[PDB]
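Line by line, the protein sequences give chains Sa, Sd, SM, SV, SL, SR, SH and SX.
Take 2 as the starting number for the first sequence in PDB author numbering and just add one per residue.
Take 20 as the starting number for the second sequence in PDB author numbering and just add one per residue.
Take 15 as the starting number for the third sequence in PDB author numbering and just add one per residue.
Take 2 as the starting number for the fourth sequence in PDB author numbering and just add one per residue.
Take 6 as the starting number for the fifth sequence in PDB author numbering and just add one per residue.
Take 2 as the starting number for the sixth sequence in PDB author numbering and just add one per residue.
Heads up: the seventh sequence is residues 2 to 113, 120 to 190, going by PDB author numbering.
Take 6 as the starting number for the eighth sequence in PDB author numbering and just add one per residue.
Just so you know, even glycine gets a beta-carbon here, dropped at the ideal spot from N, CA and C.
Okay, structure first, notes after.
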Amino acid sequence: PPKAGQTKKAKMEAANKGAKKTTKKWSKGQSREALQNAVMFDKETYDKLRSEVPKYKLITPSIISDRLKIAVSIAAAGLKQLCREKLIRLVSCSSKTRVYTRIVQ
Amino acid sequence: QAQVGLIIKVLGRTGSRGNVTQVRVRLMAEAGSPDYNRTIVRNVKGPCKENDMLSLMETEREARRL
Amino acid sequence: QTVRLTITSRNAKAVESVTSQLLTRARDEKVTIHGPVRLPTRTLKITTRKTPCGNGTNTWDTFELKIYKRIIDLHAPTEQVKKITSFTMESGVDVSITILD
Amino acid sequence: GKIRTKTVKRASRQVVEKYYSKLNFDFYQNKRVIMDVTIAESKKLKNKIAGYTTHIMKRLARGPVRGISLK
Amino acid sequence: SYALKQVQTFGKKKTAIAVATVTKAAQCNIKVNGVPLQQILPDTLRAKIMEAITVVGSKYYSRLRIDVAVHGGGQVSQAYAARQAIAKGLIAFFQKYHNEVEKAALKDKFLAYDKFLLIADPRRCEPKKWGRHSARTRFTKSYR
Amino acid sequence: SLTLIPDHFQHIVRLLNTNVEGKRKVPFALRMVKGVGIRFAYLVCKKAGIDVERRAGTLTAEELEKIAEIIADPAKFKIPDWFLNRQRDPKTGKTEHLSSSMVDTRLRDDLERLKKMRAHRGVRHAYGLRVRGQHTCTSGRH
Amino acid sequence: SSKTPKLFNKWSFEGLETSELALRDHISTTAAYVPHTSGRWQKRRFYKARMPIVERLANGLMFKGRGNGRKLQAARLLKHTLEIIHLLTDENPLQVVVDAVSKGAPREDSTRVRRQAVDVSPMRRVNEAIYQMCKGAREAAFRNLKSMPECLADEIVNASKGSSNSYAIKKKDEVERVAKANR
Amino acid sequence: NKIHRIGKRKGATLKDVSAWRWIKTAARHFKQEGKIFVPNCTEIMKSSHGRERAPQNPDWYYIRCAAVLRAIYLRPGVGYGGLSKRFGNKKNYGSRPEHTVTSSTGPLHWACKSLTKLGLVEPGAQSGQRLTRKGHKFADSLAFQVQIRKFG
RNA sequence: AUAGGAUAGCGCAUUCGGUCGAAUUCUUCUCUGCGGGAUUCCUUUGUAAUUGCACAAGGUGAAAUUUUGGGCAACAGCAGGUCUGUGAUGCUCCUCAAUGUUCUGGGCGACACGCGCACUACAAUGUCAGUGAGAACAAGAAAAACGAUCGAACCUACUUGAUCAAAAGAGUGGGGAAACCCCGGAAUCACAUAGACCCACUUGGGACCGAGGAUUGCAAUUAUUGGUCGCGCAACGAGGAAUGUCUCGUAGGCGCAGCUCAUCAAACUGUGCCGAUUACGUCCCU
Ligand SMILES: [K+]
Ligand SMILES: [K+]
Ligand SMILES: [K+]
Ligand SMILES: [Mg+2]
Ligand SMILES: [Mg+2]
Ligand SMILES: [Mg+2]
Ligand SMILES: [Mg+2]
Ligand SMILES: [Mg+2]
Ligand SMILES: [Mg+2]
Ligand SMILES: [Mg+2]
Ligand SMILES: [Mg+2]
Ligand SMILES: [Mg+2]
Ligand code: NA
Ligand code: NA
Ligand code: NA
């Protein structure tokens, strides 16, 4: 075995006692600002969804959340409602993803 | 901005690691042009074959033979 | 009364040099035969280390043992069947008598 | 890499010397002749011999070949 | 009475074997393991099995009932095995019950699109070797 | 849910002396209290009869009182014996379900009880070692 | 009765072409229904250039240990990406893909003895365009409310126009800028 | 157009329609009828110990019974062990590798008892669970309703 | 359809491995002991040839270059490992309070620490809760013992437990293994599931710890192993210098079996499933 030369038991003991914590953090990280997204609709936010969200060429739950500062869970819920009232039309659909667009005229 | 060149023949892998290929290209220009039917030797990065086209974007330099 | 003839051996050559003989002797006995079925060949696998001490590159030894099985079903009485089977087989081949109902 | 080793080349030179009249310019009919005029444990070597006997015959039609003696 | 017109073909993608029974019937009907074509999921694997029809045309499957039974393999290899058995079944039916000018035009159309529509893929899983975690990758080496 | 936010919505909800986030759904904000997990919080909402699709900030004062009763005494609301985290207390012998500061206080009692008898598990806890028969070599190391 | 295939039964391959004179022989516009084909495209050196370009896009999405081998999933991500591309550009998403590939990789690079500028072969221009676009979309969607098809569609649309908002175009500009300085 | 018969085709059976639509329409019919027996344990217990959470669907027992009935239709003579394989999953074991665990046969036993009470399942002669003639009629008739797009 | 798009059908309409129904016919799938088949075989106004040995592209083809993957593998050695495999062994050591051999208990696991190799992660190309379709290699029970030549050990299926959790516990039947398990319902995967979550150390991540209960064993304390509810405020948000393996059904991912095994796989040995990026080179580093 590579038994270190001139290494003491006191040298050993002082090595492990100083080996706790210290060296770490090999990544920069670059922290981000928190996203304050509302979990329920306000009166003015719900008014924007019924009026401003239509006549958008591309409509997506993640897009609407980025506009109205709301959660995607309720952003998707409002979009499903706007389809029930035929204000927007659904172009691509799956379990995980829905794409909507404005109606013609 | 870029001039298309057609690889006339491959002159062999150039340098160590063989990632660069020396090729002979013919400048693809209209008839009667100053660059028409003129030929230069160029270094190419990537897999290249005969009758392959490259956008040279500079046709004044000529690679040193190797 | 159907009699079942089961032949099994380690040797591929010997396992069917008795089925061919059993097939021939019964054809000389004019007894109707359901052809010899080649049952799937089962391989017994043992993989062990080559070394006796656990030193060096860990290399392994794959040992295989194949078993060949055949069955012949013939409509013949016990006495007639015993005539067909009453001959010298080779070493390492065992033939089993079975009556089906 | 598809070089005929000296075992294939020597045997295919022996076949041409002994059965030149029966041989031909095609692999498949020559391989049939190699099958019964040779004893070998391997079908692959008989296949490589038949390939080189045909190569010898195509060489013989153009001129004499060193290593082949036809009386 | 009318004589029965029937053929059988197989597809051999990986460990999946799909046997298609093509017979003359009143109405066209293709089912894979009893599931109709329109009910096969996902849509991407359904489009692959449907490629056994669209490359030649739906008119060549007019009065044919095809029952493909697929066993072995996985969901994707079963789809490629099933679509090959359907395509081979149409060629086999036209070979048996139609002239040679037909079924040679069909064969060219199938091969011009995908060779594996009619010819099985020879690729098979490569065995694992000792001292290796799979066919190729070796054990990790530490030099100190 | 396409329901407008009420004027009484609270971002922080007090329940059994702990702050509960009101933006979270009720079964997943009820697990912010000690002694209540995801499986227990769903059972509390069912016993309280409230909708699990609602946010926790919409819970009324009486609704919070109801769910606090079920958390405190779950067996009274027909929650089975095996669903609780103290089935037979080694000191009292009565089945209960600890919550909030009771989980921490009873855990300190457990360690202090083992330490006093000088059991092996108590000695490991006193030294700060692993107690479940684990190789402490090359482990921990903070 | 035979019909020309359309990708996901929606997008027609008729009229598909590359604006660049180069890469014409290295971008395949062969009609197909789905990106999923099981072919031995790696058997010959340049056989991958005959792979349909949407499938080469699908193969570029099967990266990292959690995306490795997921081709049906990548085909579904491309199904939604093309729909989002159509809404953004109002053109054929197949054409937008072809334009994004044609502009996504630098024409000149530097290598190596001293560093010098070298031309990039047409095969490597197509490979890098698919690689850099899928790489740029992957990192954009990593910790984001934006979905993967939405991040991928926004990347392909920007590269098709040549805008610097595309990861491939931004990477291409810096590679040629260095290559020009290494002449 | 979409619900119209293809041509020279009449009616529908099981495996002719979407499996999810049949199960969803069967579970709706089970709830509307109200005769099915629902155990009290389903309100607390998990569908299997492989799952780490209780089912999120309040009608999960109705869906499971509909799924079990379709499974018995496809594989007559199937027991609780066989249905456990169909409804199993891969369990998370923490920092240790994940393994496949079959579903608990208790809920499948309860589901088969509920369908037997409804007269849709008969304990098969010489082991297993089998559909009844009423159960086979119920499966195909409901499959026709889904194809017709009635959906209850 | 509670919003309901796209996707084959245009002489006899489909289903029904419990309808455990009969009869007839056959070998398309499956089983396999010997065979066949592929070799530079065929063609370039190709390279080379200035004889040749060959090579490169394409063709034929299931397969196109050691067909693919392994096994075997010379001669010279190493003071490499093993005297902990043997009733392989020379010399030497202990040899009746033994360095033999049994039995009891403990230890091999002990933790300021350093290193190799794995496992699980850091999440939305996701986590949960449902539903669908779906492999392959394999393993299964006992004596010159014990009971009346079989019968019990071994593996399972079905039912029950169940007039109410899991894990259990029981009863019946089958299997000496292509016969039962088994139509082998593996997990990646899929779902237009109109399902929940919505970017946060958070329903990510399960380390750590508490209480109940069951099973294996002669014995569970230093938790043997499952299952239930709690803890989760334990780090971890992609990893510095460095560094491993790999060319196509491959890497990576995903399970399954055998093996150790009374009980216990983060191991190895195989197995199949989903399945790519890149290169078709070079001698810059080793
Ligand atoms: K060796
Ligand atoms: K030697
Ligand atoms: K190692
Ligand atoms: Mg394998
Ligand atoms: Mg996980
Ligand atoms: Mg895990
Ligand atoms: Mg895992
Ligand atoms: Mg030497
Ligand atoms: Mg002892
Ligand atoms: Mg040890
Ligand atoms: Mg315990
Ligand atoms: Mg070990
Ligand atoms: Na994202
Ligand atoms: Na010795
Ligand atoms: Na070198």
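8 Å Cβ cutoff met for residue i and residue j
i, j, result
"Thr39/SV", "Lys47/SV", "yes"
"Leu58/SH", "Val98/SH", "yes"
"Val54/Sa", "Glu84/SH", "no"
"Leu89/SH", "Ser66/Sa", "no"
"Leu85/Sd", "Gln41/Sd", "yes"
"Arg103/Sa", "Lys49/Sa", "no"
"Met130/SH", "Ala50/SH", "yes"
"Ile75/Sa", "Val105/Sa", "no"
"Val40/SL", "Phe98/SL", "no"
"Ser89/SX", "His54/SX", "no"
"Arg80/Sd", "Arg190/SH", "yes"
"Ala51/SV", "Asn31/SV", "yes"
"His98/SR", "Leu112/SR", "no"
"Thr33/SM", "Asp87/SM", "no"
"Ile80/SR", "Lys35/SR", "no"
"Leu19/SX", "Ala148/SX", "yes"
"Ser103/SH", "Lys64/Sd", "no"
"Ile8/SX", "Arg154/SX", "yes"
"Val45/SR", "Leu65/SR", "no"
Boundaries (first-last residue) of the beta strand (DSSP E) holding residue i
i, result
"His48/SM", "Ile47 to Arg63"
"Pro128/SX", "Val126 to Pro128"
"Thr26/SL", "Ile22 to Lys29"
"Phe15/SL", "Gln11 to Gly16"
"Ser110/SM", "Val107 to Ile113"
"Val39/Sd", "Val39 to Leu46"
Residue(s) in a DSSP beta bridge with residue i
i, result
"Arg91/SX", "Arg91/SX pairs with nothing; no bridge assigned."
"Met55/SL", "DSSP, once it has assigned bridges, lists no residue as partnering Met55/SL."
"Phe42/Sa", "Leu5/SR"
"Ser74/Sd", "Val23/Sd"
"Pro41/SL", "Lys36/SL"
"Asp75/SM", "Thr62/SM"
"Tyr101/Sa", "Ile60/Sa and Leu91/Sa"
Element boundaries [alpha helix (DSSP H), containing residue i]
i, result
"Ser23/SM", "Here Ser23/SM belongs to no alpha helix (DSSP H); instead the beta strand (DSSP E) covers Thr16 to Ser23."
"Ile35/SV", "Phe28 to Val38"
"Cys67/Sd", "Premise fails: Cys67/Sd is in no alpha helix (DSSP H) and is neither H nor E."
"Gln74/SH", "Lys72 to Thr90"
"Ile28/SX", "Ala24 to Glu38"
For ligand 13, enumerate in chain order all residues having a CB closer than 5 Å to any of its heavy atoms.
Any residue whose Cβ sits closer than 5 Å to a heavy atom of ligand 13 makes the list: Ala148/SH and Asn151/SH.
Below 6 Å from a heavy atom of ligand 6 - residues by beta-carbon
So the residues near ligand 6 by this Cβ test are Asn97/SX, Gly99/SX and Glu103/SX.
Spell out a yes or no on whether the stretch 89 to 104 of chain SM and the stretch 72 to 81 of chain SM are touching, meaning 3 or more CB-CB pairs, one atom from each, closer than 8 Å.
Contact fails: fewer than three Cβ-Cβ distances are below 8 Å.
At least 3 beta-carbon pairs within less than 8 Å: the stretch 54 to 69 of chain SH vs the stretch 29 to 42 of chain SH:
The stretch 54 to 69 of chain SH, when compared against the stretch 29 to 42 of chain SH, does touch it at the 8 Å Cβ threshold.
Determine contact between the stretch 128 to 135 of chain SR and the stretch 59 to 79 of chain SH, defined as no fewer than three beta-carbon pairs at a distance below 8 Å.
They do not touch, by the three-pair rule.
Can you confirm whether the stretch 81 to 93 of chain SL touches the stretch 22 to 37 of chain SL when touching is taken to mean that 3 or more C-beta pairs between the two stretches lie within less than 8 Å?
With three or more CB-CB distances shorter than 8 Å, the stretch 22 to 37 of chain SL counts as touching the stretch 81 to 93 of chain SL.
Just checking, does the stretch 6 to 13 of chain SR make contact with the stretch 55 to 73 of chain SR on the three C-beta pairs under 8 Å criterion?
The stretch 6 to 13 of chain SR vs the stretch 55 to 73 of chain SR: in contact.
Within 8 Å, do at least three Cβ pairs link the stretch 98 to 115 of chain SM to the stretch 11 to 27 of chain SV?
Between the stretch 11 to 27 of chain SV and the stretch 98 to 115 of chain SM there are fewer than three C-beta pairs closer than 8 Å, too few to call the two in contact.
At a cut of 8 Å, does the stretch 59 to 74 of chain SM reach the stretch 40 to 48 of chain SM through at least three beta carbon pairs?
Per the Cβ contact rule, the stretch 59 to 74 of chain SM is not in contact with the stretch 40 to 48 of chain SM (fewer than 3 Cβ pairs under 8 Å).
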